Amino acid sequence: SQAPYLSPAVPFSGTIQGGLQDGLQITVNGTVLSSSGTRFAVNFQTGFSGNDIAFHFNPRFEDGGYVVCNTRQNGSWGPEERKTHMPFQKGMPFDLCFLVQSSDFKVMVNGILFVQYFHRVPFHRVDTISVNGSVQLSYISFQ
């Protein structure tokens, strides 16, 4: 029920005005760049530190393309999960939707379930979404 971020410049760090509460659905619509950059990441975190990211979703256009999901606590990366699926094209706007559940995040890419990720830390300590890399952001919205 929070008014969306329209065309946010991309290194971006903005507030989830009440934190992640269960049921919440968050769309990130953007478009991957053809710059030399070969990664971007959408991070759900505690604050603007970026030292503790409950859920780091990091698509990479290297090694053939693969997305890495992980969780940062006090500046130290837990074990990754990887899909080798890569749901994005350079040059095409994705509708990327994170749905918040009791046990997990369900990440839909263009309304098809891409990965589901199980919370390692609790989710209602998360107050900030940040995005960086070779992506341009049309919008981030809250539902």
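Numbering starts at 1 and runs along the sequence shown.
- Comparing the deposited coordinates for 120-128 and 8-16, the stretch with the larger average C-alpha B-factor is 120-128.
- Mean CA temperature factor is higher for 72-80 when stretches 72-80 and 87-95 are set side by side in the entry.
- Comparing the C-alpha B-factors of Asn43, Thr38, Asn51, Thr27 in the entry, the top value falls on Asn51.
- Per the deposited record, the Cα B-factor of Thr31 falls in the lowest third when ranked against the other modelled residues of its chain.
- Annotation for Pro59: C-alpha temperature factor in the lowest third relative to the rest of the modelled chain, per the entry.
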